[PDB]
Amino acid sequence: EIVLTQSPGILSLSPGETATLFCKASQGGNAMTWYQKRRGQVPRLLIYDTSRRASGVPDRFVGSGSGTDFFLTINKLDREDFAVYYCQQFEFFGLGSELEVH
Amino acid sequence: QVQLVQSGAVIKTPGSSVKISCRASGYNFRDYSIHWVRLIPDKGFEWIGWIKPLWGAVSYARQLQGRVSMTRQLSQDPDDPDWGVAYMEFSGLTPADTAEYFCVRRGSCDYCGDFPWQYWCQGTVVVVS
Amino acid sequence: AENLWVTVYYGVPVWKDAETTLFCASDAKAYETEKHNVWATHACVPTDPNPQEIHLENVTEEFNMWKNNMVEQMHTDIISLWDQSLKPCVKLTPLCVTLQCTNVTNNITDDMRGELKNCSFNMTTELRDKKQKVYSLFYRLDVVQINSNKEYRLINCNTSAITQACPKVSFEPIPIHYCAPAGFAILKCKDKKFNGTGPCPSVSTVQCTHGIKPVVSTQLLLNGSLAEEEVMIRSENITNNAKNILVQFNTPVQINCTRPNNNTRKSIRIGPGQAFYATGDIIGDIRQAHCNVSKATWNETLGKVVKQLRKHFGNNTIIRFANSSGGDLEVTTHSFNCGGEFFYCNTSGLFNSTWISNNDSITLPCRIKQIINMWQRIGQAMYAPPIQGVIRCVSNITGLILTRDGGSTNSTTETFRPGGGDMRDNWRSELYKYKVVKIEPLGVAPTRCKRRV
Amino acid sequence: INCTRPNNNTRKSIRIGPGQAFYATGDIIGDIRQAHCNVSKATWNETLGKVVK
Amino acid sequence: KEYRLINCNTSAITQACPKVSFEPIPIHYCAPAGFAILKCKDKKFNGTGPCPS
Amino acid sequence: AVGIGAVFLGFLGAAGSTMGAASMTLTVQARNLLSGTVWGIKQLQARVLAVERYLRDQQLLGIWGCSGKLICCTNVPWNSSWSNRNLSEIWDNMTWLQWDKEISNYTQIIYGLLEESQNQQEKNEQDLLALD
Amino acid sequence: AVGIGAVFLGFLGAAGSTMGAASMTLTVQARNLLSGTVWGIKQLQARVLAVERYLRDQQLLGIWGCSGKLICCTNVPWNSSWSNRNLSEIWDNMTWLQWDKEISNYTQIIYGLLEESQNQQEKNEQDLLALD
Ligand SMILES: *[C@@H]1O[C@H](CO)[C@@H](O[C@@H]2O[C@H](CO)[C@@H](O[C@@H]3O[C@H](CO[C@H]4O[C@H](CO)[C@@H](O)[C@H](O)[C@@H]4O)[C@@H](O)[C@H](O[C@H]4O[C@H](CO)[C@@H](O)[C@H](O)[C@@H]4O)[C@@H]3O)[C@H](O)[C@H]2NC(C)=O)[C@H](O)[C@H]1NC(C)=O
Ligand SMILES: *[C@@H]1O[C@H](CO)[C@@H](O[C@@H]2O[C@H](CO)[C@@H](O[C@@H]3O[C@H](CO[C@H]4O[C@H](CO)[C@@H](O)[C@H](O)[C@@H]4O)[C@@H](O)[C@H](O[C@H]4O[C@H](CO)[C@@H](O)[C@H](O)[C@@H]4O)[C@@H]3O)[C@H](O)[C@H]2NC(C)=O)[C@H](O)[C@H]1NC(C)=O
Ligand SMILES: *[C@@H]1O[C@H](CO)[C@@H](O[C@@H]2O[C@H](CO)[C@@H](O[C@@H]3O[C@H](CO)[C@@H](O)[C@H](O[C@H]4O[C@H](CO)[C@@H](O)[C@H](O)[C@@H]4O)[C@@H]3O)[C@H](O)[C@H]2NC(C)=O)[C@H](O)[C@H]1NC(C)=O
Ligand SMILES: *[C@@H]1O[C@H](CO)[C@@H](O[C@@H]2O[C@H](CO)[C@@H](O[C@@H]3O[C@H](CO)[C@@H](O)[C@H](O[C@H]4O[C@H](CO)[C@@H](O)[C@H](O)[C@@H]4O)[C@@H]3O)[C@H](O)[C@H]2NC(C)=O)[C@H](O)[C@H]1NC(C)=O
Ligand SMILES: *[C@@H]1O[C@H](CO)[C@@H](O[C@@H]2O[C@H](CO)[C@@H](O[C@@H]3O[C@H](CO)[C@@H](O)[C@H](O[C@H]4O[C@H](CO)[C@@H](O)[C@H](O)[C@@H]4O)[C@@H]3O)[C@H](O)[C@H]2NC(C)=O)[C@H](O)[C@H]1NC(C)=O
Ligand SMILES: *[C@@H]1O[C@H](CO)[C@@H](O[C@@H]2O[C@H](CO)[C@@H](O[C@@H]3O[C@H](CO)[C@@H](O)[C@H](O)[C@@H]3O)[C@H](O)[C@H]2NC(C)=O)[C@H](O)[C@H]1NC(C)=O
Ligand SMILES: *[C@@H]1O[C@H](CO)[C@@H](O[C@@H]2O[C@H](CO)[C@@H](O[C@@H]3O[C@H](CO)[C@@H](O)[C@H](O)[C@@H]3O)[C@H](O)[C@H]2NC(C)=O)[C@H](O)[C@H]1NC(C)=O
Ligand SMILES: *[C@@H]1O[C@H](CO)[C@@H](O[C@@H]2O[C@H](CO)[C@@H](O[C@@H]3O[C@H](CO)[C@@H](O)[C@H](O)[C@@H]3O)[C@H](O)[C@H]2NC(C)=O)[C@H](O)[C@H]1NC(C)=O
Ligand SMILES: *[C@@H]1O[C@H](CO)[C@@H](O[C@@H]2O[C@H](CO)[C@@H](O[C@@H]3O[C@H](CO)[C@@H](O)[C@H](O)[C@@H]3O)[C@H](O)[C@H]2NC(C)=O)[C@H](O)[C@H]1NC(C)=O
Ligand SMILES: *[C@@H]1O[C@H](CO)[C@@H](O[C@@H]2O[C@H](CO)[C@@H](O[C@@H]3O[C@H](CO)[C@@H](O)[C@H](O)[C@@H]3O)[C@H](O)[C@H]2NC(C)=O)[C@H](O)[C@H]1NC(C)=O
Ligand SMILES: *[C@@H]1O[C@H](CO)[C@@H](O[C@@H]2O[C@H](CO)[C@@H](O)[C@H](O)[C@H]2NC(C)=O)[C@H](O)[C@H]1NC(C)=O
Ligand SMILES: *[C@@H]1O[C@H](CO)[C@@H](O[C@@H]2O[C@H](CO)[C@@H](O)[C@H](O)[C@H]2NC(C)=O)[C@H](O)[C@H]1NC(C)=O
Ligand SMILES: *[C@@H]1O[C@H](CO)[C@@H](O[C@@H]2O[C@H](CO)[C@@H](O)[C@H](O)[C@H]2NC(C)=O)[C@H](O)[C@H]1NC(C)=O
Ligand SMILES: *[C@@H]1O[C@H](CO)[C@@H](O[C@@H]2O[C@H](CO)[C@@H](O)[C@H](O)[C@H]2NC(C)=O)[C@H](O)[C@H]1NC(C)=O
Ligand SMILES: *[C@@H]1O[C@H](CO)[C@@H](O)[C@H](O)[C@H]1NC(C)=O
Ligand SMILES: *[C@@H]1O[C@H](CO)[C@@H](O)[C@H](O)[C@H]1NC(C)=O
Ligand SMILES: *[C@@H]1O[C@H](CO)[C@@H](O)[C@H](O)[C@H]1NC(C)=O
Ligand SMILES: *[C@@H]1O[C@H](CO)[C@@H](O)[C@H](O)[C@H]1NC(C)=O
């Protein structure tokens with residue numbers, strides 16, 4: 001079974017900067033998906049097919065990567081962008097990351 | 001627009017049965033899959049199963065087999081051919097099932113696959129004690 | 001010299017990929033059964049014998065069965081032909097009425113249930129004033145309980161009307177040929193091993209396809225075209241478990257199915273010029289309609305597909321099978337149309353096996369529905385008339401449709417299950433070898449010549 | 001120009017037979033008022049002055 | 001005291017479907033190959049005669 | 001005389017080969033282009049789509065120098081900035097399918113160049129026979 | 001080079017101007033002529049009416065001297081009893097819309113003159129290449 005690994009994860013930063021979370025797969029060849037969950041709300045789709053953005057998505061979220069290694073990079077951090085993030089290849093799932101205000 | 005509606009929250013005794021409706025409105029129901037997924041604290045997400053309502057063809061996960069059942073009810077009239085009802089049913093309840101459940105539908109683009117679920121319900125919290 | 005001049009060339013052989021309409025045409029033997037009794041001769045020019053199938057050298061194109069078009073218009077066209085074959089036939093409006101029913105005369109064990117119910121009711125005669133009392137037979141899957149006494153009604157009379165097919169028009173398939181109009185061509189990959197995606201190094205163009213017989217079946221597709229040598233599995237994304245898996249195997253395996261109960265039809269009149277066909281007396285013992293396949297050929301072909309399937313999932317893997325998981329009626333079992341009557345036949349007896357890393361015949365029982373509803377349209381239910389005599393039919397099982405279970409949590413076994421799903425996959429089992437391309441003349445190239453004044 | 005009907009209305013589905021729907025007009029929740037239209041005074045008078053001129 | 005419908009002595013009667021809406025939508029007209037549509041853009045043109053632009 | 005020679009192929013038969021050999025046969029690729037109860041509407045719109053395409057091509061060829069020559073030459077010099085290929089290699093190395101992806105960028109301009117060239121040549125020869 | 005020059009107009013763009021300036025552009029007026037459940041019958045009869053008109057015009061031009069020249073000259077002298085106009089004024093004074101009402105009487109005869117002239121010229125050159 002394909003297991004995803006999440007990297008750094010617990011990440012505390014200030015507004016106005018850029019940040020990047022990392023994920024690595026146990027099996028290459030497939031695509032990638034990124035999900036945002038805020039506090040006490042319903043999760044929301046950011047990135048499907050490893051580079052494409054959904055509706056209601058500003059383009060300052062940029063996903064990239066190849067093979068097994070994928071990066072999610074947000075430039076120009078805002079207050080609403082502090083949330084929990086998930087990587088997704090198939091029915092499998094990764095553990096998540098944490099964006100906190102520093 | 002696409003809209004999903006889940007049911008109200010529930011507390012159950014151990015070893016009980018729970019039936020959860022997921023009502024869909026705003027699109028032609030006979031053309032899209034419906035997936036069921038769960039969310040436990042300190043667990044992340046965990047996929048349960050998927051159902052196509054054109055013939056009700058289902059599939060469940062392997063580690064949850066024998067304990068779940070998915071049915072559907074279509075809309076049969078030439079007036080409102082869009083709305084539809086999915087039913088999930090869960091038996092053999094344990095205290096580890098303390099979680100929140102969600103029914104989802106995928107995105108509707110060209111390179112949209114099947115697993116990138118776009119539209120979500122508002123989630124039903126289930127407590128077993 | 002170095003002033004090369006442009007030169008235009010008309011009729012350069014080159015093409016592009018495109019999408020357009022197509023052309024339906026069949027043989028001349030289908031016109032012998034006259035007066036449009038079979039469909040697809042309302043809209044069929046007779047095919048011209050020995051069309052050209054011209055061969056090509058070096059040129060190599062890529063194909064893709066999954067985003068291929070023209071299958072969509074095939075699924076449209078069969079539905080449209082089905083609907084065009086019904087409007088000249090009678091409606092069954094005055095039949096929705098209160099039914100007085102009972103059990104048929106049979107020494108019934110109490111725990112078994114009757115598959116036949118025997119009902120009587122009222123019906124209008126040719127005039128408007130007389131009304132008569134008449135009786136007929138029905139299966140249990142067509143009447144339900146309305147709610148001392150005991151009375152039933154039909155299943156469909158609370159959401160829709162009901163149309164009887166005409167007994168003139170037959171149901172057997174016939175070889176439909178597809179052809180391109182003027183200004184296109186159809187390519188064809190003749191490679192021996194081509195899974196279904198990518199480049200094919202030996203192509204050939206064509207003007208019309210081979211014979212295609214449209215049969216409707218949910219699992220275990222019938223009367224198909226088998227591959228050359230091995231047993232080929234094909235899928236779109238294998239690690240994705242949402243997509244089905246098409247298995248085409250080499251040697252066909254014979255299958256028999258039969259209904260043994262002798263039947264007598266009967267003609268009730270509804271009014272002026274309206275006929276209606278009941279099911280009268282039953283001469284013989286009430287047996288159960290069933291299907292036979294051979295044992296060892298089935299086991300050997302399953303060994304073949306295990307041996308071929310092991311390459312896509314590593315060698316040391318336990319592989320097993322299981323029956324259908326659930327859902328509506330016509331997707332758990334497999335279902336077909338033999339002799340002008342529809343069968344739904346249980347398949348749990350075939351998919352129970354497990355496979356380690358290193359004369360007798362199987363029967364399976366069926367059921368018979370009289371009313372049907374294919375394609376699950378919202379207001380369209382079709383009745384089917386009964387027929388005469390004992391019915392049997394022989395066919396070749398050719399292919400298979402499978403679905404992997406989405407097994408997480410570290411299990412080495414990979415079970416497989418049959419799943420019918422769409423009707424489109426049966427056509428995709430036969431149009432996996434044709435894309436349609438559009439001619440483009442008038443190329444332009446530089447060379448050393450110049451037009452004089 | 002505004003126009004409105006204020007009476008709240010409830011539809012109702014009678015069945016005629018096999019697969020035939022029919023829509024009646026059921027109960028009326030509220031006071032029975034009269035449907036009407038409003039226009040502004042001075043704009044109407046000024047435009048009529050325009051067309052007279 | 002009993003009534004009947006107004007139209008049931010000269011005709012049948014067809015119910016509209018509740019699916020199909022009634023609001024208008026911008027219909028564009030176009031000419032086929034080999035014609036053209038002219039248009040007077042003059043500010044004052046009453047409806048008859050020559051138009052210079 | 002001929003024991004075994006290359007006879008001819010079907011239309012698009014040569015299209016794998018090089019352009020020099022493919023230019024020997026054009027008439028085969030040209031002839032298979034014209035000809036060889038709701039369904040009648042689909043057949044009729046198919047046939048009129050076919051003749052519409054062929055008539056567009058005939059008109060577009062007519063407005064250049066050659067109406068019905070089927071092989072033309074003209075007075076527009078080849079700019080090597082489009083193709084950057086040698087003469088020696090193209091007629092003995094590449095196919096038209098290979099060619100079209102290489103010349104795909106520089107289209108829709110060459111057509112206008114041919115239009116202007118034919119127009120200016122027609123008005124100049126018009127002036128020539130005007131003084132004649 | 002060119003700061004501001006007259007680029008080109010749409011089809012029928014020049015048609016208010018004089019004929020001398022309008023004769024510079026014909027290809028624009030020529031190209032916009034071919035291309036750019038009962039209703040399908042109306043569209044199909046519209047399309048076949050269009051191609052019927054264009055084919056009639058192509059044939060009527062073909063039976064004269066010039067098939068696809070788009071500008072011709074011939075061997076029929078202008079009789080001044082039709083037009084009674086000077087050469088100096090027509091190319092620098094009048095429009096085609098202005099022209100057509102003036103030459104409206106003398107039509108359907110000039111066409112037959114062109115027919116007979118082309119016929120006699122073809123049979124005489126036929127006799128020339130017959131003795132050749
Ligand atoms: C996969 O493909 C196989 C091979 O074709 C199909 O098997 C055939 O199915 C057809 C059904 O269309 C069968 O055809 C039927 O045969 C009956 C018996 O015919 C014999 O007897 C007559 C009369 O004595 C002889 O002339 C003849 O030579 C045969 O020896 C016929 O009685 C049937 O016709 C009935 O219906 C028509 C309709 O109006 C009436 O006009 C007739 O009078 C008659 O009542 C029909 O012809 C055929 O027997 C099957 N087997 C073979 C070997 O061809 C499978 O059906 C197909 N798979 C599936 C799933 O359908
Ligand atoms: C597709 O085809 C398959 C293969 O045939 C079918 O699978 C079988 O389905 C039956 C369902 O009826 C399975 O269950 C068996 O049903 C029996 C019916 O119970 C009657 O008798 C009991 C008393 O014994 C009464 O109380 C009751 O009211 C009924 O009248 C059970 O009795 C069977 O039990 C057997 O096994 C147990 C355990 O060993 C013993 O204790 C019993 O004494 C008895 O021996 C049994 O449960 C049957 O098992 C299935 N077959 C196999 C091989 O497993 C599918 O049903 C069919 N698909 C569809 C949709 O029908
Ligand atoms: C497994 O499932 C996938 C779908 O989940 C299935 O589809 C293939 O996915 C790949 C993606 O890895 C597709 O490749 C793309 O094709 C499009 C076609 O135009 C290109 O535009 C893409 O370009 C990429 O790079 C660009 C550079 O800027 C980006 O802008 C662009 O967004 C893309 O990132 C890319 O080449 C592929 O077309 C599909 N389909 C097929 C038939 O391959 C895949 O087939 C399944 N199987 C396997 C073994 O993966
Ligand atoms: C489905 O039903 C069909 C019904 O027609 C059935 O097909 C028939 O099966 C029989 C027996 O399986 C076939 O009969 C064979 O005939 C050939 C040639 O005559 C013989 O070689 C065979 O045995 C003969 O020789 C034996 C000695 O070697 C003798 O002992 C024997 O009595 C014979 O004389 C064999 O019997 C028949 O040819 C087919 N017919 C057709 C049209 O297929 C089919 O078997 C059923 N399906 C399954 C899976 O059982
Ligand atoms: C037909 O019905 C429509 C119903 O929408 C109605 O249109 C609305 O009318 C009201 C009042 O005529 C408009 O409200 C206005 O709002 C603007 C901007 O907010 C204000 O400038 C106006 O007054 C404001 O300021 C006043 C002080 O100067 C305050 O005393 C006052 O409370 C406001 O704060 C004015 O109220 C509204 O914008 C429209 N809406 C639309 C969509 O047209 C319309 O008037 C009716 N027709 C007729 C002929 O009455
Ligand atoms: C259920 O099906 C049965 C047969 O399968 C039908 O029963 C038959 O009904 C007829 C009615 O005319 C009976 O005929 C009568 O039989 C007696 C016997 O001597 C004869 O004297 C009468 O003159 C008349 O011919 C027939 O007997 C009866 N069959 C049996 C076995 O009794 C029946 O119509 C069906 N419907 C029901 C029971 O609602
Ligand atoms: C078919 O048509 C026949 C004949 O029209 C129907 O028979 C009628 O059935 C009703 C109810 O079963 C009878 O009403 C009963 O009358 C008796 C005595 O008259 C009374 O004791 C009962 O309480 C009830 O009122 C009716 O008389 C009878 N008519 C005739 C002529 O027999 C029949 O019901 C229709 N339907 C079917 C399914 O058979
Ligand atoms: C069905 O046939 C197609 C075509 O042969 C197969 O697709 C091809 O699969 C191979 C893997 O065996 C792909 O190779 C991979 O290429 C990437 C490119 O970077 C490389 O990084 C990988 O390490 C690997 O070598 C290949 O790209 C792919 N596509 C084509 C056009 O060849 C397919 O695998 C076959 N089988 C099935 C079950 O679908
Ligand atoms: C696929 O295989 C499974 C396992 O063989 C089948 O499950 C079996 O389903 C039948 C009917 O759904 C169960 O029969 C039961 O009989 C009692 C008798 O009174 C009745 O009260 C029950 O309501 C039920 O009908 C049977 O117990 C069950 N077997 C097991 C081991 O749980 C399943 O039906 C198969 N699928 C198909 C389409 O055949
Ligand atoms: C609408 O516009 C048209 C076009 O301008 C007007 O029609 C024109 O009306 C004038 C009168 O104001 C006509 O002039 C008259 O001409 C005759 C010719 O002999 C002369 O004898 C009279 O004394 C008078 O001058 C003119 O002929 C007529 N047509 C055209 C083509 O200009 C029309 O009056 C306008 N207004 C309305 C309300 O229709
Ligand atoms: C017709 O068949 C049904 C089905 O067997 C019979 O229903 C039985 O009714 C008795 C008494 O009501 C019950 O004890 C049985 O358990 C029932 N069987 C089933 C399978 O539930 C019915 O009695 C039959 N009617 C006649 C007239 O024979
Ligand atoms: C099925 O039933 C019919 C109807 O009884 C049987 O046809 C009869 O066959 C016998 C034997 O030749 C004749 O004497 C009868 O006249 C036939 N009746 C009719 C109406 O044709 C038929 O044989 C039965 N099928 C079997 C027994 O396989
Ligand atoms: C089903 O399979 C049988 C053989 O298992 C096929 O029968 C062969 O058909 C071809 C073509 O008509 C003949 O040349 C052969 O002589 C037949 N027999 C054998 C043993 O190959 C049959 O065509 C298949 N299809 C159908 C519809 O019956
Ligand atoms: C018109 O009548 C309907 C029907 O009673 C009213 O809808 C109700 O609104 C109240 C307030 O939210 C709800 O509690 C009821 O459940 C609603 N009923 C239905 C059937 O939806 C509606 O509010 C009325 N319109 C008004 C008062 O303007
Ligand atoms: C029609 O009857 C069936 C019988 O069970 C029922 O399930 C269905 O809901 C009914 N439909 C309507 C519209 O009454
Ligand atoms: C299939 O046949 C082989 C060899 O005869 C045998 O070993 C195997 O057990 C058979 N399959 C099953 C499921 O029994
Ligand atoms: C499992 O496989 C074998 C052969 O089919 C047998 O023991 C049993 O009947 C099968 N199970 C079922 C439920 O039929
Ligand atoms: C139908 O009824 C109306 C009611 O007044 C009457 O005016 C009209 O003449 C009637 N028409 C016929 C044909 O009876």
# chains A, B, ... in the order shown; residues from 1 in each chain; ligands from 1
>>> residues_around(residues="residue A:51", least_positions_apart="2", cutoff="7 Å", atoms="only C-alpha atoms", output="list in words")
residues 47, 48, 49, 53, 63 and 64 of chain A
>>> write_last_selection(atoms="C-alpha atoms", output="CSV table (one decimal), in the first residue's frame")
chain,number,residue,atom,x,y,z
A,47,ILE,CA,-4.5,21.4,-5.8
A,48,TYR,CA,-5.5,18.5,-8.0
A,49,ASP,CA,-3.4,16.9,-10.8
A,53,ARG,CA,-6.1,25.0,-9.0
A,63,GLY,CA,2.2,23.1,-6.1
A,64,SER,CA,5.1,21.5,-7.8
>>> interface_residues(of="chain B", to="chain D", cutoff="9 Å", atoms="only C-alpha atoms", output="ChimeraX atom specification")
/B:77-79
>>> residues_around(residues="residue C:303", least_positions_apart="2", cutoff="12 Å", atoms="only C-alpha atoms", output="PyMOL selection string")
chain C and resi 231+249+296-301+305-310+319-320+353-356+358
>>> residues_around(residues="stretch 176-189 of chain C", least_positions_apart="4", cutoff="6 Å", atoms="only C-alpha atoms", output="tab-separated table (two decimals) with N, CA, C and O atoms, in the first residue's frame")
chain	number	residue	atom	x	y	z
C	22	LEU	N	-20.66	9.57	-38.21
C	22	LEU	CA	-20.26	8.35	-38.90
C	22	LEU	C	-21.45	7.84	-39.69
C	22	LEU	O	-22.42	8.55	-39.94
C	23	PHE	N	-21.35	6.58	-40.10
C	23	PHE	CA	-22.21	6.05	-41.15
C	23	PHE	C	-22.51	4.60	-40.83
C	23	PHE	O	-21.59	3.81	-40.61
C	24	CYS	N	-23.79	4.24	-40.83
C	24	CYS	CA	-24.23	2.90	-40.47
C	24	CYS	C	-24.60	2.12	-41.73
C	24	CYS	O	-25.36	2.62	-42.56
C	25	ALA	N	-24.10	0.89	-41.85
C	25	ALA	CA	-24.37	0.10	-43.03
C	25	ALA	C	-24.17	-1.37	-42.71
C	25	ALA	O	-23.24	-1.72	-41.99
C	26	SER	N	-25.04	-2.22	-43.26
C	26	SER	CA	-24.95	-3.66	-43.03
C	26	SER	C	-25.01	-4.44	-44.33
C	26	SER	O	-24.95	-3.85	-45.41
C	203	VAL	N	0.34	-0.11	-38.60
C	203	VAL	CA	-1.02	0.38	-38.74
C	203	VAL	C	-1.56	-0.04	-40.09
C	203	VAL	O	-0.82	-0.52	-40.95
C	204	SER	N	-2.86	0.13	-40.27
C	204	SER	CA	-3.48	0.01	-41.58
C	204	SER	C	-4.74	0.86	-41.58
C	204	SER	O	-5.49	0.87	-40.60
C	205	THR	N	-4.98	1.56	-42.68
C	205	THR	CA	-6.19	2.35	-42.78
C	205	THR	C	-7.31	1.54	-43.39
C	205	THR	O	-7.11	0.47	-43.96
C	206	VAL	N	-8.52	2.10	-43.31
C	206	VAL	CA	-9.71	1.40	-43.75
C	206	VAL	C	-10.81	2.41	-43.96
C	206	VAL	O	-10.77	3.54	-43.44
C	207	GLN	N	-11.80	2.00	-44.75
C	207	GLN	CA	-13.00	2.77	-45.02
C	207	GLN	C	-14.20	2.29	-44.21
C	207	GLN	O	-15.07	3.09	-43.85
C	208	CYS	N	-14.25	1.00	-43.89
C	208	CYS	CA	-15.34	0.47	-43.09
C	208	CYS	C	-14.80	-0.57	-42.11
C	208	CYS	O	-13.85	-1.28	-42.44
C	209	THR	N	-15.40	-0.63	-40.93
C	209	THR	CA	-14.95	-1.57	-39.91
C	209	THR	C	-15.40	-2.98	-40.22
C	209	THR	O	-16.10	-3.25	-41.20
C	211	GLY	N	-17.33	-6.66	-38.86
C	211	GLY	CA	-18.66	-6.91	-38.34
C	211	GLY	C	-18.70	-6.70	-36.84
C	211	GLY	O	-17.82	-7.19	-36.12
C	212	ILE	N	-19.69	-5.94	-36.37
C	212	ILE	CA	-19.89	-5.72	-34.95
C	212	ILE	C	-21.30	-6.13	-34.62
C	212	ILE	O	-22.26	-5.62	-35.21
C	433	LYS	N	-9.63	-0.53	-31.27
C	433	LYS	CA	-8.67	-0.59	-32.35
C	433	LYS	C	-8.93	0.41	-33.47
C	433	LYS	O	-8.49	0.17	-34.59
C	434	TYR	N	-9.68	1.49	-33.23
C	434	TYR	CA	-10.00	2.40	-34.32
C	434	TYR	C	-10.05	3.83	-33.82
C	434	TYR	O	-10.81	4.13	-32.90
C	435	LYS	N	-9.26	4.70	-34.43
C	435	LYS	CA	-9.44	6.14	-34.28
C	435	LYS	C	-9.75	6.72	-35.65
C	435	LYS	O	-9.45	6.10	-36.68
C	436	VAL	N	-10.37	7.89	-35.67
C	436	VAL	CA	-10.86	8.49	-36.91
C	436	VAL	C	-10.06	9.75	-37.19
C	436	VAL	O	-9.92	10.62	-36.33
C	437	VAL	N	-9.54	9.86	-38.41
C	437	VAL	CA	-8.64	10.95	-38.75
C	437	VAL	C	-9.13	11.67	-39.99
C	437	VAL	O	-9.82	11.10	-40.84
C	438	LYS	N	-8.74	12.94	-40.10
C	438	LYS	CA	-9.22	13.84	-41.13
C	438	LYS	C	-8.10	14.20	-42.09
C	438	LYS	O	-7.03	14.64	-41.66
C	439	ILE	N	-8.37	14.04	-43.38
C	439	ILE	CA	-7.41	14.32	-44.44
C	439	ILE	C	-7.20	15.82	-44.54
C	439	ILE	O	-8.12	16.61	-44.31
F	33	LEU	N	-11.74	11.87	-52.58
F	33	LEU	CA	-12.05	13.06	-51.81
F	33	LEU	C	-13.45	13.57	-52.03
F	33	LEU	O	-13.93	14.37	-51.22
F	35	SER	N	-16.61	11.60	-53.65
F	35	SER	CA	-17.74	10.71	-53.41
F	35	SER	C	-17.33	9.33	-52.93
F	35	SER	O	-18.04	8.74	-52.13
>>> residues_around(residues="stretch 20-31 of chain E", least_positions_apart="4", cutoff="10 Å", atoms="only C-alpha atoms", output="VMD selection string")
(chain B and resid 79) or (chain E and resid 16 35 to 37) or (chain G and resid 46)
>>> residues_around(residues="stretch 82-94 of chain A", least_positions_apart="3", cutoff="8 Å", atoms="only C-alpha atoms", output="count of residues only")
31
>>> residues_near_ligand(ligand="ligand 6", cutoff="10 Å", atoms="only C-alpha atoms and all ligand atoms", output="NGL selection string")
:C and (99-106 or 117-121 or 134-137 or 280-283)
>>> write_last_selection(atoms="C-alpha atoms", output="CSV table (one decimal), in the first residue's frame")
chain,number,residue,atom,x,y,z
C,99,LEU,CA,-55.9,-8.1,-9.7
C,100,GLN,CA,-57.5,-11.1,-7.9
C,101,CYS,CA,-54.7,-13.5,-7.5
C,102,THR,CA,-53.9,-16.9,-6.1
C,103,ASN,CA,-51.3,-19.7,-6.2
C,104,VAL,CA,-51.0,-21.9,-9.3
C,105,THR,CA,-52.0,-25.6,-8.9
C,106,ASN,CA,-48.8,-27.2,-7.6
C,117,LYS,CA,-49.0,-16.3,-9.5
C,118,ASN,CA,-52.3,-16.8,-11.2
C,119,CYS,CA,-54.6,-13.8,-11.5
C,120,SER,CA,-58.0,-12.8,-12.9
C,121,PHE,CA,-59.5,-9.4,-13.5
C,134,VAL,CA,-60.1,-13.1,-17.8
C,135,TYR,CA,-57.1,-14.7,-16.2
C,136,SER,CA,-53.4,-15.0,-16.8
C,137,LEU,CA,-50.0,-15.9,-15.2
C,280,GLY,CA,-52.0,-19.4,-20.6
C,281,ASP,CA,-51.7,-23.0,-19.6
C,282,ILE,CA,-48.5,-24.9,-18.6
C,283,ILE,CA,-48.1,-28.4,-20.0
>>> atom_distance(atom1="atom 18 (C, counted along the ligand's line) of ligand 1", atom2="atom CA of residue C:163")
27.7 Å
